[PDB]
12 protein chains.
Amino acid sequence: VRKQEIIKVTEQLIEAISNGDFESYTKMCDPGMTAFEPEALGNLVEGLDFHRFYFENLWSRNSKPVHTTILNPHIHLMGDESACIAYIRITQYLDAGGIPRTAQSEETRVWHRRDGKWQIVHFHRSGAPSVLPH
Amino acid sequence: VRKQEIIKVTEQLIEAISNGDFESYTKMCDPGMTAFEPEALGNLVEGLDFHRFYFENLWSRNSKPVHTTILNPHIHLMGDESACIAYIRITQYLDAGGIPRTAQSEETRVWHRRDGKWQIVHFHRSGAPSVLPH
Amino acid sequence: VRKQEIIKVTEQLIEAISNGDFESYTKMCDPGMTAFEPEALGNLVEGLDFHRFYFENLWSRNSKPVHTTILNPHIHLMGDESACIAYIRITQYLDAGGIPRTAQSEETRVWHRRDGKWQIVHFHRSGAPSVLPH
Amino acid sequence: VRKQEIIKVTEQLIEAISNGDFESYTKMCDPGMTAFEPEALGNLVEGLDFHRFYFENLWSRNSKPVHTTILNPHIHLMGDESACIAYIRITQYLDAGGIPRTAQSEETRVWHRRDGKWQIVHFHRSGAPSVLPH
Amino acid sequence: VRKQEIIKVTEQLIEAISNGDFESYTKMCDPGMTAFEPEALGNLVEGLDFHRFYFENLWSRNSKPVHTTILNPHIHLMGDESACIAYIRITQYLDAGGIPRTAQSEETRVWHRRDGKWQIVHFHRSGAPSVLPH
Amino acid sequence: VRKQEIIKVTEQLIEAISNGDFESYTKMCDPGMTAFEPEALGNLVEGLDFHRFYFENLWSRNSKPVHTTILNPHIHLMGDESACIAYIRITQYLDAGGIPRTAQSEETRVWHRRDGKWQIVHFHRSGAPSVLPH
Amino acid sequence: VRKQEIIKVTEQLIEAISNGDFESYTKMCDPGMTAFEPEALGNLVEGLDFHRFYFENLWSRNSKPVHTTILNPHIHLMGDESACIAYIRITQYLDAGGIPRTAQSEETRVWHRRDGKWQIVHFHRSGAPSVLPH
Amino acid sequence: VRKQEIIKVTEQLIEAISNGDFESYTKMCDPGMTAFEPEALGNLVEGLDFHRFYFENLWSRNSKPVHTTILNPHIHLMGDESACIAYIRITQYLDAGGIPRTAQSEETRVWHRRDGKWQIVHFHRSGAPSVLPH
Amino acid sequence: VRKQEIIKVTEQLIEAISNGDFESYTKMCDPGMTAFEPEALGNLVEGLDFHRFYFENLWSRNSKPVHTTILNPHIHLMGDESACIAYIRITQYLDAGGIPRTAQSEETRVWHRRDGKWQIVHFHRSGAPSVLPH
Amino acid sequence: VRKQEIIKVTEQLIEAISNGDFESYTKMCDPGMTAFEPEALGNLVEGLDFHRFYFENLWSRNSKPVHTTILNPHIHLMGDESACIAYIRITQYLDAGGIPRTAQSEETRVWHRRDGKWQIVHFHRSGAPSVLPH
Amino acid sequence: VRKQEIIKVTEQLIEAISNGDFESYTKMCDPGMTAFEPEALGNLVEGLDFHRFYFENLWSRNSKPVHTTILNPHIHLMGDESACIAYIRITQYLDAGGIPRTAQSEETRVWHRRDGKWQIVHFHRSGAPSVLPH
Amino acid sequence: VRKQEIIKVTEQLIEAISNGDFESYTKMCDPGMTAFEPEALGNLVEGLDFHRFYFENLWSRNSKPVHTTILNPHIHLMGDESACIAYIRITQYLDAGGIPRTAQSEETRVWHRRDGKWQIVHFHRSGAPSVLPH
């Protein structure tokens, strides 16, 4: 019951990221959120300004078929207020010439229940970049 | 006050890992702990059996000079029970020929206050492997 | 007689895959089927959703000449209900510029006779990816 | 109950392979067993003569620490006589200089219950070679 | 108060460089300014003639989206007349095909308060070149 | 006269670094000194603890012939309290086999006259690492 | 006299292959013919179905200038019924941009005089592939 | 019966080559024998002087374990006087450090029954060189 | 006074080379002039015929922006008749796609005052070729 | 006098080759002429048929500017009937994009005075291929 | 008869070179002899001083087994005084570890009958260097 | 007569450099001498201090056989006081394992007759470094 809620909210976040829906993304993310990801080049970025660039330039333009598979999710519940979820992500997309391609990443997300709703406080990503290479 | 406690416990964990003190490491880690790290080759490993190999074969034998610098730690407190810490780690070591070398990693750790003491539930590492290459 | 049936059903499966006939493919595959293949990047995928992407985007569009040769098939019969077949597959195709190309794979397939008809339960592929590279 | 038996026999086979115990290996393997593996260079080898070389020259000499982790096993039962098991394998070993190393493979095994005991009829391996590289 | 002034003037300089506004750039730079940068190929260039080429040919033509993030600025005040600022710079841009890309540089700038206004006397840059590669 | 003083103090600092004289180095460096250098891997390090490792392990052991040439020094004087010096540095050394080798770096140093004596507040280095590679 | 006949029939076969004349090729080849060639990827292919693909897609379309030189032919006559011929083959062709290119192969052919006419039973080719690369 | 004789004589030749028994090799080979092999660098060598070097320097000194597997032999009988045999060859050996290694070759051999005994007239080899690389 | 004359004549020569003005170039060069340059591939070329090709085909056609910086010129005067000048040359240009690029060369020129005017007798160039690569 | 004649005839041959004048080339070449050149791939070709391909396809079509420089010719006269000439050849040409390029070769030519006129009997070329690469 | 003499003298020269017999080599070579060879780096060397280094340092010390095969010699006779010979040379040797190795070269030699004995005037070599690489 | 003097003094300088005779080298070099060479990494070095390192560490220790060939020297005389010489230099040496090696450089030297003796004022070197690589 409690783990299904975390899985559901993570699925909502992933679907919002896929569609370039920056409004929903801003709604589910904490203002002070922190991130490790391949695009930051080893640095820790804070806030949502760093990620708005990719929504504006990549997600809000591209609409080609993309399929996402979430493998072996694991959830840690820390009281009734906070949770952590870690999983593997396989993304199938199409390159410039229209040839199917696949990429893999490992992702961790930390959720806090602020004022009655779940919000990401930190997230760490490894493996393939979010920007899909041809 | 509360962030200093997390910094202190993280420093204790790092120092215990450096010295190959598997007893302290087992004391600070949750039995169900999960890990993402370069050595797992993209897989999520559970338990402490995976890490005991490196204590037995690397940390419990090597004693050459190693210096660790922790850069830009950031801490999220989620109530009074749980916390998350993210930082950059620079490690200076000596290779096989005795030439100084440096490596960088990005690390996240999730702490839960179980039965009055902090314990790692999940951790995610990126960048250089823990096993120092020559 | 019994080995010829397995060879025939494997040929039907291969021909259905070649033509992008997802209906027949779904008919010959078990709902709980598992797969190892180069496209999964070392992971074990379950179900038919992972493979539907390539039918939608590769097999249901491309129609260029493709020739398939099956080398040294070997069949193990396990009672009257189950069988296993292992073979080498050589595929001749045309790249982007229209130059003939060849690729090789090694393939194993496990068939179970459910409710009177054969169905794949597991399959493992090595070598060249199914997505033909230029 | 029935899946635990397959897991147990697979663990016995893996432990026997680790120790270079060619007698047990010959006991659990069918005389007509077939194999796909990286060492065969894309060919299908039959019988146990191909594998005896590595028992004689690698397993029966080397005794350095090796740790094996089996990830996400999946089992298909085909009646009461036959079964198939597919899993990921992580192997931690020591190279020539004594530096810890890790390797990953994907493995499928087909078991038949002949005359009251389980025996491998076919097996397919992908990823790292069994011969551990430095 | 005094560090905020240096941060503000550095932001003005960066924004002027971004827009290809050579007039403002010439206004903020000392005539005898010196520079280390990747484009000089290990040499120390003096004056503003070396940099006018890139304003004429790159900044005064290109207008595609560019986002700049300044990480961990550190400021040294040397009396009331001079200051030094060192920081990391992350630049997000679009390559030839329109794919988002990121680059990192480390930058130091020395400011002198001449005749009541701040002016750059020397600057040293490392990492990615200013000319954004595809 | 005033530029000769800066050149002299820079020569003293370089000679002290060459001889592994950590006492003199600590004497000439400000406690809050900051540094960009290739060994930090793109990060800004503060304090003298990061550099003590190389004095302990490289400069305090090695004593092979090393020759240093300083090319085209340029000096900016900012009042009577602060100065900046930028130059090219050629280092001739011997590798592991005893073969002469040469390396080049570009270096900037910022000096502040605190309590009547010059002290480094910041320094930025590019090109070859200080640790001489074979 | 008898060696000239083998040379003549080999020349006829080569000319028929050059022109994409699959009818003549089928006439000169035994139904059970076997082949080693670079395109088979280390496998032994039997029959003429493997080679029909290249006649259909490469020889029956391309008509650009091609020049063939046969170097140092050697012939072994085994009775009055069978012969073997081994030679070097240099092929001059034009790539995609129209630039002359050259390739070399080593070729062996085994001829049997069945029902009064010579027919290839086996052939082995090394070196450059028949499919001419740009 | 007649194909078994060719298989037997080929096995004798391979075993004689393995043991460095140049006398038997000279006995089974025709004086005018011709050869294509990787060691000749694309040239056709005649006689047995080219191969005597490897018997003198490699086969007559090395005695480490070597295992040979012959895959998918195919035989063409041309009357009662001549035959041709084509097969794949897998060789397992030990490199300089004692690590097991495997190599693959494709081989064709032409036998003529002179004065009542079989003799090689021509042979063509592809793939791995006979000289085993570490 | 005398060094300024050499600097002036060298600037005239460089400007004439930049504009593809072969007449002025021929006027400033001795008929027996010799040259070392990267385009000669390690050979010493004599006369002006070798350089006329690049005037005809490169300088007399291209007119895109090019900026030249001369660094650290050094002049040796040998009596009143002859001089030598050595300097570093940085060239900023635009590649095929219009991206700014930079190149560096080291250049020596020997001037003789024949019949009252200066003329190049020999010149030696190292580093980047004169033909600007994209 | 006698060396000038050889130089003249060599210049005529080179100019005829440059213009794609196969008639003159055939006139100056002996029917039994032999050649070593990079295009033959290490083989010795006899006759003029091998070279006619490049006249037909390269020299008889291309007419872009090409400049040839002959460096350090050396001539050996063997009686009044035969001579040998060896020289270096620098060729300046234009690639596909119109960028000047240079290539170097070393060439030897053997001339025999048959029936009162000089004819090439053998020639050996090293270095760059005659077919000019972009 | 006349071609056999040239073959004999060439064999004598090759055998003398193999044994490091600089006296015989000097006896068979003309004082003004010229050479193209890979060791000269594209230059034409004159005299015997260049080759004496390799006799002193390589041929006069090494005595390991070396086997030479001469393939497809071709001879042009120019009157009764001069001749030219061109051939392929295969050399089998042993590297540093004692592993057999093979190399190929193409060679031309020009002989003049001075004062009643044959002498080399020019020679041109391509392919592998004479100095055998491991 | 006058060119022979320059050749003689250049030979003396080269022989002095070969023997590590720093006294003679200092005697023939001007105090203000300038140099371009590969070891300076694109910089112009002044004085003899830069070159003393290689005399101390390379020439004054190594004594293995080295042979030098000077190809195609060209000399320009500028009055009776100054001269310039340009040539190619081939150096034959022995690497670490004792294998002969060859290197090529292009060199220019400017001589001035000061107080009755010739002295180098400038020299420019291209190609192989003076420090001989294995």
# chains A, B, ... in the order shown; residues from 1 in each chain; ligands from 1
>>> residues_around(residues="residue 117 of chain B", least_positions_apart="3", cutoff="12 Å", atoms="only C-alpha atoms", output="PyMOL selection string")
chain B and resi 5-6+9+27-30+80-82+111-114+120
>>> write_last_selection(atoms="N, CA, C and O atoms", output="PDB file, in the first residue's frame")
ATOM      1  N   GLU B   5      25.627  16.197  13.152  1.00  0.00           N
ATOM      2  CA  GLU B   5      25.565  14.784  13.508  1.00  0.00           C
ATOM      3  C   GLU B   5      25.691  13.898  12.272  1.00  0.00           C
ATOM      4  O   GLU B   5      26.411  12.890  12.286  1.00  0.00           O
ATOM      5  N   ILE B   6      24.998  14.261  11.190  1.00  0.00           N
ATOM      6  CA  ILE B   6      25.084  13.482   9.959  1.00  0.00           C
ATOM      7  C   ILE B   6      26.491  13.559   9.380  1.00  0.00           C
ATOM      8  O   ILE B   6      27.038  12.556   8.907  1.00  0.00           O
ATOM      9  N   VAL B   9      28.731  11.256  11.502  1.00  0.00           N
ATOM     10  CA  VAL B   9      28.539   9.828  11.269  1.00  0.00           C
ATOM     11  C   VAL B   9      29.056   9.433   9.888  1.00  0.00           C
ATOM     12  O   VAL B   9      29.615   8.341   9.717  1.00  0.00           O
ATOM     13  N   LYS B  27      28.572  -2.529  11.768  1.00  0.00           N
ATOM     14  CA  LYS B  27      27.795  -1.885  12.822  1.00  0.00           C
ATOM     15  C   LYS B  27      27.012  -0.683  12.304  1.00  0.00           C
ATOM     16  O   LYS B  27      25.899  -0.427  12.775  1.00  0.00           O
ATOM     17  N   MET B  28      27.566   0.066  11.348  1.00  0.00           N
ATOM     18  CA  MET B  28      26.898   1.272  10.866  1.00  0.00           C
ATOM     19  C   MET B  28      25.935   1.015   9.716  1.00  0.00           C
ATOM     20  O   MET B  28      25.179   1.924   9.354  1.00  0.00           O
ATOM     21  N   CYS B  29      25.936  -0.181   9.136  1.00  0.00           N
ATOM     22  CA  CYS B  29      25.131  -0.479   7.960  1.00  0.00           C
ATOM     23  C   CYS B  29      23.912  -1.313   8.333  1.00  0.00           C
ATOM     24  O   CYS B  29      23.981  -2.180   9.209  1.00  0.00           O
ATOM     25  N   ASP B  30      22.799  -1.039   7.662  1.00  0.00           N
ATOM     26  CA  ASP B  30      21.590  -1.821   7.859  1.00  0.00           C
ATOM     27  C   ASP B  30      21.734  -3.181   7.173  1.00  0.00           C
ATOM     28  O   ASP B  30      22.357  -3.276   6.110  1.00  0.00           O
ATOM     29  N   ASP B  80      12.673  13.967  12.031  1.00  0.00           N
ATOM     30  CA  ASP B  80      13.711  13.678  13.012  1.00  0.00           C
ATOM     31  C   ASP B  80      14.299  12.283  12.865  1.00  0.00           C
ATOM     32  O   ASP B  80      15.200  11.926  13.633  1.00  0.00           O
ATOM     33  N   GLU B  81      13.821  11.493  11.905  1.00  0.00           N
ATOM     34  CA  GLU B  81      14.210  10.093  11.803  1.00  0.00           C
ATOM     35  C   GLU B  81      15.173   9.811  10.657  1.00  0.00           C
ATOM     36  O   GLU B  81      15.970   8.871  10.758  1.00  0.00           O
ATOM     37  N   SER B  82      15.125  10.584   9.574  1.00  0.00           N
ATOM     38  CA  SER B  82      15.862  10.236   8.366  1.00  0.00           C
ATOM     39  C   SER B  82      16.578  11.451   7.794  1.00  0.00           C
ATOM     40  O   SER B  82      16.158  12.597   7.980  1.00  0.00           O
ATOM     41  N   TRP B 111      20.416   7.892   5.539  1.00  0.00           N
ATOM     42  CA  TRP B 111      20.529   7.464   6.923  1.00  0.00           C
ATOM     43  C   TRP B 111      19.147   7.411   7.558  1.00  0.00           C
ATOM     44  O   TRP B 111      18.341   8.332   7.387  1.00  0.00           O
ATOM     45  N   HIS B 112      18.890   6.337   8.302  1.00  0.00           N
ATOM     46  CA  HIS B 112      17.669   6.179   9.080  1.00  0.00           C
ATOM     47  C   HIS B 112      18.051   5.967  10.536  1.00  0.00           C
ATOM     48  O   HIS B 112      18.975   5.204  10.832  1.00  0.00           O
ATOM     49  N   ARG B 113      17.350   6.649  11.443  1.00  0.00           N
ATOM     50  CA  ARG B 113      17.623   6.535  12.875  1.00  0.00           C
ATOM     51  C   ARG B 113      16.805   5.394  13.484  1.00  0.00           C
ATOM     52  O   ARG B 113      15.697   5.569  13.987  1.00  0.00           O
ATOM     53  N   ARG B 114      17.389   4.200  13.427  1.00  0.00           N
ATOM     54  CA  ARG B 114      16.727   3.014  13.948  1.00  0.00           C
ATOM     55  C   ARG B 114      17.151   2.769  15.390  1.00  0.00           C
ATOM     56  O   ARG B 114      18.343   2.804  15.711  1.00  0.00           O
ATOM     57  N   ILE B 120      22.877   3.280   7.561  1.00  0.00           N
ATOM     58  CA  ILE B 120      22.723   3.458   6.122  1.00  0.00           C
ATOM     59  C   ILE B 120      21.703   2.459   5.595  1.00  0.00           C
ATOM     60  O   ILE B 120      21.758   1.266   5.921  1.00  0.00           O
TER      61      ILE B 120
END
>>> interface_residues(of="chain K", to="chain H", cutoff="8 Å", atoms="only C-alpha atoms", output="NGL selection string")
:K and (67 or 69 or 90 or 92 or 99-100 or 102-104)
>>> select_by_dssp(residues="chain L", states="helix (DSSP H, G or I)", output="short mmCIF file (atom, residue, chain, number, x, y, z; two decimals) with N, CA and C atoms, in the first residue's frame")
data_model
loop_
_atom_site.label_atom_id
_atom_site.label_comp_id
_atom_site.auth_asym_id
_atom_site.auth_seq_id
_atom_site.Cartn_x
_atom_site.Cartn_y
_atom_site.Cartn_z
N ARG L 2 85.15 29.15 -49.12
CA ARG L 2 84.38 29.77 -48.05
C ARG L 2 83.25 28.87 -47.58
N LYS L 3 82.67 28.08 -48.48
CA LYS L 3 81.63 27.14 -48.08
C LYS L 3 82.22 25.94 -47.35
N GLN L 4 83.43 25.53 -47.73
CA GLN L 4 84.10 24.44 -47.04
C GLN L 4 84.39 24.81 -45.59
N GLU L 5 84.72 26.07 -45.32
CA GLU L 5 84.95 26.50 -43.94
C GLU L 5 83.68 26.36 -43.11
N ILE L 6 82.53 26.76 -43.66
CA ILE L 6 81.27 26.62 -42.94
C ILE L 6 80.95 25.15 -42.71
N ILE L 7 81.17 24.31 -43.72
CA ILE L 7 80.90 22.88 -43.56
C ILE L 7 81.80 22.31 -42.47
N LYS L 8 83.07 22.71 -42.46
CA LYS L 8 84.01 22.22 -41.45
C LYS L 8 83.58 22.62 -40.05
N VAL L 9 83.21 23.89 -39.86
CA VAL L 9 82.83 24.33 -38.53
C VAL L 9 81.53 23.67 -38.09
N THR L 10 80.59 23.45 -39.02
CA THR L 10 79.37 22.73 -38.67
C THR L 10 79.68 21.29 -38.27
N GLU L 11 80.61 20.64 -38.96
CA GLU L 11 81.00 19.29 -38.59
C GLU L 11 81.64 19.27 -37.21
N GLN L 12 82.49 20.26 -36.91
CA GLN L 12 83.07 20.35 -35.57
C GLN L 12 81.98 20.50 -34.52
N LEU L 13 80.99 21.36 -34.77
CA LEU L 13 79.91 21.54 -33.80
C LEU L 13 79.14 20.24 -33.60
N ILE L 14 78.83 19.53 -34.68
CA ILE L 14 78.07 18.29 -34.56
C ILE L 14 78.86 17.24 -33.79
N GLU L 15 80.16 17.12 -34.09
CA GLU L 15 80.98 16.14 -33.38
C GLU L 15 81.10 16.49 -31.90
N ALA L 16 81.23 17.78 -31.58
CA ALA L 16 81.29 18.19 -30.18
C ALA L 16 79.98 17.87 -29.46
N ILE L 17 78.85 18.08 -30.13
CA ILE L 17 77.56 17.75 -29.52
C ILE L 17 77.46 16.25 -29.29
N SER L 18 77.96 15.46 -30.24
CA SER L 18 77.86 14.01 -30.12
C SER L 18 78.62 13.50 -28.90
N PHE L 22 80.78 19.78 -23.59
CA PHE L 22 80.13 21.06 -23.34
C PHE L 22 81.10 22.23 -23.43
N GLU L 23 82.39 22.01 -23.18
CA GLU L 23 83.35 23.11 -23.26
C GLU L 23 83.47 23.62 -24.70
N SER L 24 83.69 22.71 -25.65
CA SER L 24 83.76 23.12 -27.05
C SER L 24 82.45 23.74 -27.49
N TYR L 25 81.32 23.13 -27.12
CA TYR L 25 80.02 23.67 -27.48
C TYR L 25 79.88 25.11 -27.01
N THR L 26 80.21 25.37 -25.74
CA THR L 26 80.18 26.73 -25.24
C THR L 26 81.13 27.63 -26.01
N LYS L 27 82.25 27.08 -26.49
CA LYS L 27 83.21 27.89 -27.23
C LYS L 27 82.68 28.30 -28.60
N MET L 28 81.93 27.44 -29.28
CA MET L 28 81.44 27.76 -30.61
C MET L 28 80.10 28.48 -30.62
N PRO L 38 62.47 20.73 -31.03
CA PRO L 38 61.29 20.01 -30.52
C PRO L 38 61.22 19.94 -29.01
N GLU L 39 62.36 19.98 -28.32
CA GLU L 39 62.36 19.81 -26.88
C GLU L 39 61.81 21.03 -26.16
N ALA L 40 61.85 22.20 -26.80
CA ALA L 40 61.36 23.42 -26.19
C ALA L 40 59.84 23.55 -26.25
N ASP L 49 71.88 27.73 -21.07
CA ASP L 49 71.48 27.00 -19.87
C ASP L 49 70.48 25.90 -20.19
N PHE L 50 69.61 26.12 -21.18
CA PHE L 50 68.62 25.11 -21.52
C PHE L 50 69.27 23.84 -22.06
N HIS L 51 70.39 23.99 -22.78
CA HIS L 51 71.00 22.84 -23.44
C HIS L 51 72.00 22.14 -22.53
N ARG L 52 72.45 22.81 -21.47
CA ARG L 52 73.42 22.20 -20.56
C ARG L 52 72.83 20.99 -19.85
N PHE L 53 71.51 20.96 -19.67
CA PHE L 53 70.87 19.82 -19.01
C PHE L 53 71.11 18.53 -19.77
N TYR L 54 70.99 18.57 -21.10
CA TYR L 54 71.15 17.37 -21.90
C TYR L 54 72.61 16.94 -22.00
N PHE L 55 73.54 17.89 -21.99
CA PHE L 55 74.96 17.53 -21.90
C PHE L 55 75.25 16.84 -20.57
N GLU L 56 74.71 17.38 -19.48
CA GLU L 56 74.98 16.80 -18.17
C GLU L 56 74.37 15.42 -18.02
N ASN L 57 73.16 15.22 -18.53
CA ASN L 57 72.39 14.03 -18.22
C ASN L 57 72.33 13.01 -19.35
N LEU L 58 72.58 13.40 -20.60
CA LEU L 58 72.45 12.46 -21.71
C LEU L 58 73.78 12.24 -22.43
N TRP L 59 74.43 13.32 -22.87
CA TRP L 59 75.64 13.17 -23.67
C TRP L 59 76.85 12.79 -22.82
#
>>> residues_around(residues="residue 84 of chain L", least_positions_apart="6", cutoff="7 Å", atoms="only C-alpha atoms", output="number ranges by chain")
L: 75-77, 109-111
>>> atom_distance(atom1="atom CA of residue 97 of chain F", atom2="atom CA of residue 97 of chain L")
12.6 Å
>>> atom_distance(atom1="atom CA of residue 121 of chain C", atom2="atom CA of residue 73 of chain C")
18.7 Å
>>> closest_residue(among="H:78, H:86, H:66, H:33", to="residue 46 of chain G", atoms="only C-alpha atoms")
H:86
>>> select_by_dssp(residues="segment 40-109 of chain I", states="strand (DSSP E or B)", output="VMD selection string")
chain I and resid 45 to 46 67 to 78 82 to 94 100 to 109
>>> atom_distance(atom1="atom CA of residue 48 of chain A", atom2="atom CA of residue 1 of chain B")
27.9 Å
>>> residues_around(residues="residue 123 of chain E", least_positions_apart="4", cutoff="9 Å", atoms="only C-alpha atoms", output="number ranges by chain")
E: 33-37, 107-110; F: 108
>>> write_last_selection(atoms="N, CA, C and O atoms", output="PDB file, in the first residue's frame")
ATOM      1  N   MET E  33      45.246  44.437 -20.508  1.00  0.00           N
ATOM      2  CA  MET E  33      44.797  43.184 -19.917  1.00  0.00           C
ATOM      3  C   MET E  33      45.546  41.999 -20.517  1.00  0.00           C
ATOM      4  O   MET E  33      45.881  41.992 -21.704  1.00  0.00           O
ATOM      5  N   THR E  34      45.803  40.992 -19.685  1.00  0.00           N
ATOM      6  CA  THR E  34      46.449  39.759 -20.113  1.00  0.00           C
ATOM      7  C   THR E  34      45.532  38.564 -19.871  1.00  0.00           C
ATOM      8  O   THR E  34      44.637  38.591 -19.018  1.00  0.00           O
ATOM      9  N   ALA E  35      45.770  37.498 -20.631  1.00  0.00           N
ATOM     10  CA  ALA E  35      44.853  36.371 -20.628  1.00  0.00           C
ATOM     11  C   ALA E  35      45.590  35.067 -20.889  1.00  0.00           C
ATOM     12  O   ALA E  35      46.448  34.982 -21.771  1.00  0.00           O
ATOM     13  N   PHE E  36      45.239  34.053 -20.103  1.00  0.00           N
ATOM     14  CA  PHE E  36      45.495  32.656 -20.429  1.00  0.00           C
ATOM     15  C   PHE E  36      44.164  31.999 -20.758  1.00  0.00           C
ATOM     16  O   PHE E  36      43.206  32.126 -19.990  1.00  0.00           O
ATOM     17  N   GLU E  37      44.098  31.298 -21.885  1.00  0.00           N
ATOM     18  CA  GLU E  37      42.868  30.629 -22.283  1.00  0.00           C
ATOM     19  C   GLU E  37      43.216  29.509 -23.252  1.00  0.00           C
ATOM     20  O   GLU E  37      44.286  29.530 -23.870  1.00  0.00           O
ATOM     21  N   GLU E 107      37.602  29.345 -13.964  1.00  0.00           N
ATOM     22  CA  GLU E 107      37.949  30.701 -14.369  1.00  0.00           C
ATOM     23  C   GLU E 107      38.346  31.554 -13.175  1.00  0.00           C
ATOM     24  O   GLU E 107      37.712  31.494 -12.116  1.00  0.00           O
ATOM     25  N   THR E 108      39.399  32.348 -13.365  1.00  0.00           N
ATOM     26  CA  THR E 108      39.892  33.312 -12.390  1.00  0.00           C
ATOM     27  C   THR E 108      39.962  34.681 -13.051  1.00  0.00           C
ATOM     28  O   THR E 108      40.359  34.790 -14.215  1.00  0.00           O
ATOM     29  N   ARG E 109      39.581  35.720 -12.312  1.00  0.00           N
ATOM     30  CA  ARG E 109      39.582  37.086 -12.820  1.00  0.00           C
ATOM     31  C   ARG E 109      40.097  38.036 -11.750  1.00  0.00           C
ATOM     32  O   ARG E 109      39.716  37.927 -10.579  1.00  0.00           O
ATOM     33  N   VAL E 110      40.951  38.972 -12.161  1.00  0.00           N
ATOM     34  CA  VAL E 110      41.574  39.942 -11.266  1.00  0.00           C
ATOM     35  C   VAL E 110      41.056  41.327 -11.635  1.00  0.00           C
ATOM     36  O   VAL E 110      41.226  41.784 -12.774  1.00  0.00           O
TER      37      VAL E 110
ATOM     38  N   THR F 108      49.559  31.464 -12.941  1.00  0.00           N
ATOM     39  CA  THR F 108      49.203  32.777 -12.424  1.00  0.00           C
ATOM     40  C   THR F 108      49.211  32.720 -10.903  1.00  0.00           C
ATOM     41  O   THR F 108      48.762  31.732 -10.316  1.00  0.00           O
TER      42      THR F 108
END
